[PDB]
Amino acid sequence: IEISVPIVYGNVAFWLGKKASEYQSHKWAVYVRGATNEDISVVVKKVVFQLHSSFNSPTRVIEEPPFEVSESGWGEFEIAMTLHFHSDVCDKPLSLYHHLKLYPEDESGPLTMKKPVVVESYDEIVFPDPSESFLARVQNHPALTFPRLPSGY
């Protein structure tokens, strides 16, 4: 009787072309989402993003969907995302890590620089021992996956 949350997390990046400057070659957004875009705030209370020290206010707290930070700049670096859950879900938070990408890597064939860069990780948060009240609040929520019920027949 476990509850799990399929998620996707990573970033999208857009090269600015003739609008690119030394300060800002790309606009990007880093995010954690439901893998099928359902509302994971059924479990996620807030997400804390840690950006590089070169940004103003490098620790951002996003309390409401969408759980994303949108920024622009010139460089790639590691982003920490700490997921804090509602109190009936889990008293421990979960940290995720994502290397921000502004260019596509590992690419055959010809590319164009204006193509949006999407680099994201597909994953699933498992809560192994859900309380009975947590179950009653979120049962069969579209963002969650539940154990298939054995046939009584």
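Residue positions are given as counts along the sequence shown, with the first one as 1.
In this entry, 135-143 has the higher mean Cα B-factor, the comparison being between 135-143 and 8-16. Of the two stretches examined, 103-111 and 44-52, the record assigns the greater average C-alpha temperature factor to 103-111.
Each of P58, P128, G34, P93 has a CA temperature factor in the record; the biggest one is found at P128. Annotation for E120: CA B-factor lies in the middle third of the chain's modelled residues. Sort the chain's modelled residues by C-alpha temperature factor and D39 lands in the middle third, per the entry.
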